[PDB]
Amino acid sequence: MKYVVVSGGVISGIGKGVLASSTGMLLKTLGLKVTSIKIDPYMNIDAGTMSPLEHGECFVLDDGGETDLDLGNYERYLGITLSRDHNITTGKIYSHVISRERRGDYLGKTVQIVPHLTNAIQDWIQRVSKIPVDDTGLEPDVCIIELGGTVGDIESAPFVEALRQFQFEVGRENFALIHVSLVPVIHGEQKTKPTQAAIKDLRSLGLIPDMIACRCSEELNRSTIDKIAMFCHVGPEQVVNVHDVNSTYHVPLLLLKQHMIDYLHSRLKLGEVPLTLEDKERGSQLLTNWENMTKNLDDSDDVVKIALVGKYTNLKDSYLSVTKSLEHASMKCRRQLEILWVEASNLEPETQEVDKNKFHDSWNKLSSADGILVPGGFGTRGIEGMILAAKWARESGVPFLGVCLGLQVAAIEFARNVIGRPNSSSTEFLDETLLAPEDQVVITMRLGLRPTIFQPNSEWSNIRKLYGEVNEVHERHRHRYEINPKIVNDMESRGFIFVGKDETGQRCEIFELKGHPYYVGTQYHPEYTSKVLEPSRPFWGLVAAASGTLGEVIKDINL
Amino acid sequence: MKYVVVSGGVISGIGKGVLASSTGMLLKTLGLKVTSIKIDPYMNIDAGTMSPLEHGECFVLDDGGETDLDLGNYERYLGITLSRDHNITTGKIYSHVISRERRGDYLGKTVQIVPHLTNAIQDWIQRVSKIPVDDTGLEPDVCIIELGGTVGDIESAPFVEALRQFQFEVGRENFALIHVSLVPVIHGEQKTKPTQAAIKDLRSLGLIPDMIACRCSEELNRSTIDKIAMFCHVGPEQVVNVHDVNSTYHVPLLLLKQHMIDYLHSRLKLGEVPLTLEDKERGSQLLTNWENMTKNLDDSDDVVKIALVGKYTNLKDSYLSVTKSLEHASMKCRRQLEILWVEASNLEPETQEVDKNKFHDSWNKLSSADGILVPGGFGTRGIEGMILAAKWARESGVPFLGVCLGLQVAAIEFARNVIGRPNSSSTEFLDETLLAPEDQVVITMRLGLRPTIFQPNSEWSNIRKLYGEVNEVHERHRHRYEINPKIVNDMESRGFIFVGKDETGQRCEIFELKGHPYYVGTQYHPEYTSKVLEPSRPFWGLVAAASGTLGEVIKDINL
Amino acid sequence: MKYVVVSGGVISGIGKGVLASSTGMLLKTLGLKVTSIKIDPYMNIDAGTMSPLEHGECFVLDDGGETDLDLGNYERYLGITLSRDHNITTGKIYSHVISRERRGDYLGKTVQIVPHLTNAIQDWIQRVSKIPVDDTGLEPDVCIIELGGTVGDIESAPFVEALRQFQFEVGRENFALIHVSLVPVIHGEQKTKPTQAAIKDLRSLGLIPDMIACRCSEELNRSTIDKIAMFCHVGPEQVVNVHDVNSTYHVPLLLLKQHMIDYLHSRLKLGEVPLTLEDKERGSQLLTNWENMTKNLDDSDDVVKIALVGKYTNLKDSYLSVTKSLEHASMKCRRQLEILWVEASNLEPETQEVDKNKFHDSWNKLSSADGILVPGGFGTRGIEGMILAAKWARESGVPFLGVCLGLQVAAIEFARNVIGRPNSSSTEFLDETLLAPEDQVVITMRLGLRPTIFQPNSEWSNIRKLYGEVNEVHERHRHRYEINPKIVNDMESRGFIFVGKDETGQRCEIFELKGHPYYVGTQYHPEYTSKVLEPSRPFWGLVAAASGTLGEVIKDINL
Ligand SMILES: Nc1ncnc2c1ncn2[C@@H]1O[C@H](COP(=O)(O)OP(=O)(O)OP(=O)(O)O)[C@@H](O)[C@H]1O
Ligand SMILES: Nc1ncnc2c1ncn2[C@@H]1O[C@H](COP(=O)(O)OP(=O)(O)OP(=O)(O)O)[C@@H](O)[C@H]1O
Ligand SMILES: Nc1ncnc2c1ncn2[C@@H]1O[C@H](COP(=O)(O)OP(=O)(O)OP(=O)(O)O)[C@@H](O)[C@H]1O
Ligand SMILES: O=c1ccn([C@@H]2O[C@H](COP(=O)(O)OP(=O)(O)OP(=O)(O)O)[C@@H](O)[C@H]2O)c(=O)[nH]1
Ligand SMILES: O=c1ccn([C@@H]2O[C@H](COP(=O)(O)OP(=O)(O)OP(=O)(O)O)[C@@H](O)[C@H]2O)c(=O)[nH]1
Ligand SMILES: O=c1ccn([C@@H]2O[C@H](COP(=O)(O)OP(=O)(O)OP(=O)(O)O)[C@@H](O)[C@H]2O)c(=O)[nH]1
Ligand SMILES: [Mg+2]
Ligand SMILES: [Mg+2]
Ligand SMILES: [Mg+2]
Ligand SMILES: [Mg+2]
Ligand SMILES: [Mg+2]
Ligand SMILES: [Mg+2]
């Protein structure tokens, strides 16, 4: 096993997840199998309790693991599948040793943070980095560790001490450290003393970095590079200039231009890992596919506008996987994506009493949209706004996708406005009020990867067509409610066909409305299964419907 | 004596000299006598050997001290005069103890950095902070110490250790520390971990800050202030938000808006220093004069353009005192200054063979200029370009000031083009070549404050008029050459009158050319004597000549 | 050049000079030429101003360099001669860069502690480690650097930073670091946390140690060694157990038993330095001579007692070279030395009025003595006591040596008691009092190595015989006075022959008194020229006179 640790810096939120993902993608272009571990110094066992207002969206795994947003970045860049064990947290590792003590597995010794907890960390990283993450049952060749937080924080102290020991418990040339750092630019001068103080913290903590990755608002001056290469004991070829770029799909081709594969191949002896010529064709076949999609990103010009209708649309990280999944669809259509961020509460008429500026900008955006996404939000407070957005799309012929809550607000709209039961509602919003036309009912989270099976009278639908007309759809779930089965044949009598269901048939999972160009809803989250070179089919269908050429896309899918 | 230390930070060049000068100016608005000390952790005895390419211009004192650029900032903001002892350097203080050892004044003890060198530092700061710096023979009430470099550097280690001890060798409430710090803003988020790591270095080194001054590209968010006030054990009222502003004359009125006098008055018991009501009128009379010049900076609109003709005009700090002296003149004329920065070598015709873009932009600027300054540069390599700039101004009637080298290139121009000896030259450029018409000759630097006396037939001149027609001019010198006295009566026969001289008459120090609107030259540097509320008379005369209203200015000066 | 740095620790005065000297002596037993540098973080230019009450005796070099006591330890263990440049101090190196700045040799850059002062240190260590220190004009093969003070002190900061850089400016395998450390033993348990906190300071400062030398009141337990080898990343074979031993001549044979040559030979590639078989015989010929003198130290039993008569005899380090020179004489006679430490002031009768216990213990010791040394002290306050000790030895036939002041008090005794001028005196004690029989007169220190030449009528003397009857004696001087030449032929008429003089004959340097078994005085210090395997001839003559077998020693010297 080789290890690359991506670490620390002057600030949090600097770019370690981007460089970790680019490094893994780049190493994969030598044919190497790459895995990843996120370490988060936070104490939470997993992200499933904590709200999207900190660290962005909760990411959902095939396991049903509700995990760190960084694991989603590794899944999409590398083409890999991760377990809940691939996210280390302070909570998991302190919990592991405490549960092991009360059972007596330390045989009556005193259990100390060094060695015992720092040995639990190294036992975990070795257990987990050998887990299969590809379509093939090979153990990986490289693990990337993203060390969360900043080096020199109390919460990081056990993890840097475990990595200090891991650098020796595993051999040298099986371990490298990349340190990401900030170069401020002040009055036209690029300042080196923040990055120098960060190299002192690594030395203090007993680690040496093999690369410095410098994050800056400019290209680094070669005099600034020389200075960093004087204070840190590294050559000029070991400071990578990682400036601010408009697109993160370009960052792998920045580091390829900067010899970082060529360095790591000589620092980690990567040419001495056994690989076939088949593995070495697959590597450059991924590289040329990356150069293709990045060329097609730069010379594309024709725009498509998608309204994302939700709450808290100012924290754009609360929709990170949705956003990436709209981008992958856009890149496969070769049209420039603009997301129009629409707060659903501002669509409600009462906003015109509260602040007229917010009311009109929301409807200005929703009218401007070539397609609409209701993204699969959290907490029912915006539903009466999203019901307008679903009504607008159905009354007007505008392309629509409804994810999770986007099944539900669309079925609630269709019930109130096409069946004509005007109070019919989400039980999560009203519960004890006991209305008779319950659209949502509870059937205790239904979590992780499940099979969805198409109902037989459904090959007419665009959504079965986009999935290659394969009999089953396997996708990730994070829901507590269903559509009520008693209202299904009522809705189907009116053309709102539940095109796909759970194998038991009690649970409604995909619809398409008859006759509309594209009015699709999924109870799963199709975001989490999106890959950079293979967009998620419901999002590719929305961006194609919004662009025209939905038929030419369905034709290409059918080969 | 009270002490304010202004210190450290995440980066060098952060703003300590601006905040130190603003703090001293602000405290002076309570009637308090304020002094300053710069500590530079560099080893140089004084700046007189080191070139303007690092740390900007060398500043010249009345003593003839060639000192740090920061001492000039204190002189102009506070209205004070400083000795060469007011700049502490590592060289001076290590030299002081080494010279004292070889003489035996430690009486055969081992001389250690702690206590002995750190006691030399505290003996110096007490010796020097009692020196008179005003027009009155009172000892000061407050000393500002600017601690150069960054806290946590090896070169700073003896000075922070001396200040750690000085906080106790002098009482508490006679000492306060202001720490200047950087808040980066990255993806629209203001980052606190660089300022937290800087508070850990102060605690490690045994100092606590009383203010945090946060330097940022935005106003601080109140949540960012709350966070800094959680990690550092200080109230919200002790983080001052010192954002990037277009003008530094505004920075005192920022800190006045932020209660920093009101805090320091309760932290340093400044109301318990004895002062008269006369002292308390003088304080608010300076404050209202500052509010006047800053109001007159904001509502002024009509521009004046001055060409500054020199070398290395890309390092604008190489002309810092010249620049401030043009600004003070501009503020008293109530016209917005634009400095046009003109590289004199680019004015030479050979530049049109080398790069035509540089040739035309230089002459584009010099033609655009309402006035010209030849600023008093260093090293003769640009003189043939400045001779064109002096010719242009004389042939065309454009207002001119020549400082130091600007006497000399103008007299060299007047000799070559109006007397008609076409090879006549600066002996510093040609020496051993032994031409007969030597314009410069040597008469070993003539340094610091000297008297200049007006020749009798000179009250006609604008330059004697601008000086209030007072018989002597006292100004600062830093020159090795003179104009040749054998060429003086030749030049005076042609109207180039040497309006002022040294008391011996051998040495030529001020000219005015007959008939031209303003063609003045000084061998002294009038920059170093410029004050924010009283501009240097030769620069006020140039900016007035460039604006028109030179007569209305001379009238106001004559009262 | 190879470098070994001996460094730091938990406490000052731990044993670095003993381990540095043992390492150099041991490496010399491979035939390698070894040199040494002491770094002292004190500010003094040289030891010649500072009194023996701190850091022990001032050591005198052939240059006339008054230097650190540690340079004497290297001279005697290694068989080498050192210049005043071999002692680096903070004063010398800050003085060097400050003198170089005022002359302009930094060409107008800003001179910073890093790089410029830390480059002066590395330029010095390379300049000086190539200096010839043997009897042959070869440049050395190895330099030992003793880094004075403790690592993590402010005064050490520039020297550890220079050594951090020197580890890379010179290659790896040309540099090794030995760290000396304390293991306390508390309630029968050997404590490792002080040595762990010292390895953290080295990592913080960017150095890794190749050996840990652990100083302890016991042999280290192998569990304690294992623990130190867990926390520091080093094998068990790299912790050397350097326990408290009664004799320092044993410490080389401790480290030879502990494979420290065998480690350093593989860590520094010492087998790849070119050497002849002649060099490899000389190495083991020194080793077997060390095993001989250490065997002859352990199986010797018969005692000899020497009174050392001086001031401040409680600070035994104030006589370190005298003490070692009595030991080398004792080891060559094969008799166990006891120094009886006699305070000369306590010999004065007035002490019997002040404290009778001190009076009788002094005369109890002086009566017990088989020989007497007056050691060459400092400051005249004890002379009237030493005059009794010189009288006692002359009246009683007890063997005597008088060094520096020990010429002078003996001649003052002989004048007062055998010529019979009872007030005759040391001019340094009385000056302005102007007595006529001045024994001392001034002839401005007479410093360093000088030639002394024997007067012709002197081959009868034991002191000319002990020197091999060679015509000149070359020895080190540190005196300001002489014996008066006007009193010489008076003294010689009475049998007190001045057996040796300066080449000019004005200056009296060696005596022997006729008829007494051994009553010798030298104005030079014979201590500084003493070697472990070749004792200084005047001290070997005293210990032989005290033991009997002075004749058998003179016979062995005469071959
Ligand atoms: N080279 C880059 N150029 C521009 N933006 C970048 C670059 N690298 C990262 N970013 C952006 O910075 C933001 C945060 O980066 P990232 O998520 O990698 O942070 P982090 O330091 O790993 O920690 P956190 O998980 O707390 O955000 C994201 O919006 C990301 O797109
Ligand atoms: N509040 C501020 N807003 C905008 N510019 C500022 C502010 N404070 C300082 N500056 C500018 O920052 C630059 C450097 O500031 P300053 O000279 O005070 O730096 P310093 O940290 O004291 O050290 P140095 O002497 O090395 O420059 C100057 O151009 C100054 O005008
Ligand atoms: N292994 C040892 N066993 C016993 N005594 C020792 C040992 N090593 C050193 N010593 C004694 O310790 C004392 C101080 O040791 P040394 O002179 O080497 O100290 P240091 O740490 O180099 O610093 P300093 O020059 O300030 O004394 C001396 O008396 C010396 O003989
Ligand atoms: O105000 C100042 C700034 C600097 N200095 C002295 O000059 C040196 C200049 O160093 P700075 O700290 O100004 O910069 P740097 O070379 O470390 O690199 P950047 O932060 O710009 O990337 C400092 O280390 C200090 O010795 C002062 O004496 N005063
Ligand atoms: O990538 C990350 C970032 C952060 N964290 C965890 O969340 C915390 C968030 O802290 P950050 O370090 O992200 O910010 P902060 O609150 O210290 O303040 P600013 O720098 O933004 O001013 C960190 O201290 C760490 O515990 C991670 O686990 N991973
Ligand atoms: O009073 C105590 C002592 C120790 N301990 C806990 O037990 C551990 C025992 O560690 P100690 O600090 O007692 O010893 P050590 O193993 O570091 O080595 P020596 O200093 O003896 O050479 C400590 O690190 C701490 O975790 C306590 O909880 N309380
Ligand atoms: Mg935060
Ligand atoms: Mg991340
Ligand atoms: Mg710099
Ligand atoms: Mg400054
Ligand atoms: Mg020593
Ligand atoms: Mg223990």
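Every chain is numbered from 1, with letters handed out A, B, ... down the list of sequences.
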Asker: Measure from NZ or CZ of A:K311 to the centre of the six-membered ring of A:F378 and say whether it is under 6.0 Å with the direction within 45° of the ring axis.
Answerer: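 Verdict for A:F378: a cation-pi partner in A:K311.
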
Asker: Tell me every residue that passes salt bridge (charged side-chain N to carboxylate O under 4.0 Å, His left out) with A:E475, counting only those two or more places apart in sequence or in another chain.
Answerer: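 Partners of A:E475 under the salt bridge (charged side-chain N to carboxylate O under 4.0 Å, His left out) test: none.
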
Asker: Please check if the side chain of A:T89 supplies one atom and the backbone of A:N44 the other of a donor-acceptor pair under 3.5 Å.
Answerer: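 Checked: pair present.
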
Asker: Take atom CG of A:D135 as the centre, draw a 6.0 Å sphere, and report whether it contains more than 12 heavy atoms from other residues, nucleotides or ligands.
Answerer: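 Open.
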
Asker: Report the relative orientation of the aromatic rings in A:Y249 and A:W290; use parallel for angles under 30°, tilted for 30 to 60°, perpendicular for over 60°.
Answerer: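 Geometry flag for A:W290 against A:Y249: tilted rings.
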
Asker: When the ring planes of A:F59 and A:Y528 are compared, do they come out parallel, tilted or perpendicular, using 30° and 60° as the limits?
Answerer: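 A:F59 and A:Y528: perpendicular rings.
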
Asker: Sub-3.5 Å donor-acceptor pair from the side chain of B:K191 to the main-chain atoms of A:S12, do we have one?
Answerer: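 Yes, because the side chain of B:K191 sits within donor-acceptor range (under 3.5 Å) of the backbone of A:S12.
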
Asker: So, A:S330 side chain and A:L326 main chain: donor-acceptor pair closer than 3.5 Å or not?
Answerer: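 Side chain of A:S330 to backbone of A:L326, a donor-acceptor pair under 3.5 Å: no, none is there.
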
Asker: What residues, two or more places apart in sequence or in another chain, satisfy salt bridge (charged side-chain N to carboxylate O under 4.0 Å, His left out) together with A:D502?
Answerer: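 Scan of A:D502 (salt bridge (charged side-chain N to carboxylate O under 4.0 Å, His left out), adjacent residues dropped) gives A:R446.
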
Asker: Between the main-chain N or O of A:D279 and the side-chain N or O of A:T276, is there a donor-acceptor pair closer than 3.5 Å?
Answerer: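 Side chain of A:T276 to backbone of A:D279, a donor-acceptor pair under 3.5 Å: yes, one is there.
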
Asker: Measure from the ring center of A:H55 to the ring center of A:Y42 and say whether it is less than 6.0 Å.
Answerer: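 Centroid separation for A:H55 and A:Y42: below 6.0 Å.
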
Asker: Could you tell me whether the side chains of A:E512 and A:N462 share a donor-acceptor contact shorter than 3.5 Å?
Answerer: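 Checked: A:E512/A:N462 side chains pair up, N/O donor to acceptor below 3.5 Å.
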
Asker: Is the backbone of A:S458 close enough, under 3.5 Å, to the side chain of A:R464 for a donor and an acceptor to pair up by distance?
Answerer: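 Checking the backbone N and O of A:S458 against the side chain of A:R464, no donor-acceptor pair under 3.5 Å is found.
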
Asker: Within the 3.5 Å criterion, strictly below it, is a donor on A:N73 or A:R76 matched to an acceptor on the partner's side chain?
Answerer: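 Side chains of A:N73 and A:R76: pair found under 3.5 Å.
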
Asker: When you measure from the side chain of A:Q122 to the backbone N and O of A:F166, does any donor-acceptor pair fall under 3.5 Å?
Answerer: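 Checked: pair present.
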
Asker: Sub-3.5 Å donor-acceptor pair from the side chain of A:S7 to the main-chain atoms of A:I178, do we have one?
Answerer: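 Between the backbone of A:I178 and the side chain of A:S7 there is a qualifying donor-acceptor contact (under 3.5 Å).
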
Asker: Judged by atom type as modelled, is there a donor-acceptor pair below 3.5 Å linking the side chain of A:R507 to the main-chain atoms of A:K501?
Answerer: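 Side chain of A:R507 to backbone of A:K501, a donor-acceptor pair under 3.5 Å: no, none is there.
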
Asker: With distance as the sole test, does A:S266 use its side chain to make a donor-acceptor pair with the main-chain N or O of A:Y263 at under 3.5 Å?
Answerer: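 Answer holds: no.
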
Asker: Under the side chain to side chain contact (heavy atoms under 4.5 Å, CB included) test, which residues partner A:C58, sequence neighbours left out?
Answerer: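 A:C58 satisfies side chain to side chain contact (heavy atoms under 4.5 Å, CB included) with A:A47, A:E66, A:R478 once adjacent residues are dropped.
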
Asker: Check for a donor-acceptor pair, side chain of A:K16 on one end and backbone N or O of A:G149 on the other, with a separation under 3.5 Å.
Answerer: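 Looks like yes, one N/O pair under 3.5 Å.
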
Asker: Considering residues at least two apart in sequence or located in another chain, which fulfil the salt bridge (charged side-chain N to carboxylate O under 4.0 Å, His left out) criterion with A:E469?
Answerer: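 A:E469 satisfies salt bridge (charged side-chain N to carboxylate O under 4.0 Å, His left out) with A:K465 once adjacent residues are dropped.
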
Asker: Enumerate the residue pairs fulfilling salt bridge (charged side-chain N to carboxylate O under 4.0 Å, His left out) with a member in residues 334-344 of chain A, sequence neighbours excluded, ordered by first and then second residue.
Answerer: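 Matches after skipping sequence neighbours: A:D302-A:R335, A:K305-A:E338.
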
Asker: What residues, two or more places apart in sequence or in another chain, satisfy salt bridge (charged side-chain N to carboxylate O under 4.0 Å, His left out) together with A:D244?
Answerer: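 Listed in chain order: A:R215.
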
Asker: Do the ring planes of A:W124 and A:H96 sit parallel (below 30°), tilted (30 to 60°) or perpendicular (above 60°)?
Answerer: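 Perpendicular, since the angle between the ring planes exceeds 60°.
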
Asker: Checking side-chain polar atoms at under 3.5 Å, does A:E527 have a donor or acceptor matched by the opposite partner on A:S325?
Answerer: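 Per modelled atom types, A:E527 and A:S325 side chains form no pair under 3.5 Å.
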
Asker: For a quick check under 3.5 Å, do A:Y74 and A:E146 share a side-chain donor-acceptor pair by atom type?
Answerer: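 Distance-only check passes for A:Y74 and A:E146.
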
Asker: Please step through side-chain hydrogen bond (donor to acceptor under 3.5 Å, both in side chains) for the pair A:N174 and A:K2, ending with a clear verdict.
Answerer: CA-CA 4 Å; A:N174 290 303; A:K2 310 292 180 184; 3.0 Å; yes

Asker: With respect to A:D85, which candidate in A:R127, A:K92, A:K130 satisfies the salt bridge (charged side-chain N to carboxylate O under 4.0 Å, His left out) definition?
Answerer: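 Result for salt bridge (charged side-chain N to carboxylate O under 4.0 Å, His left out) with A:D85: A:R127.
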
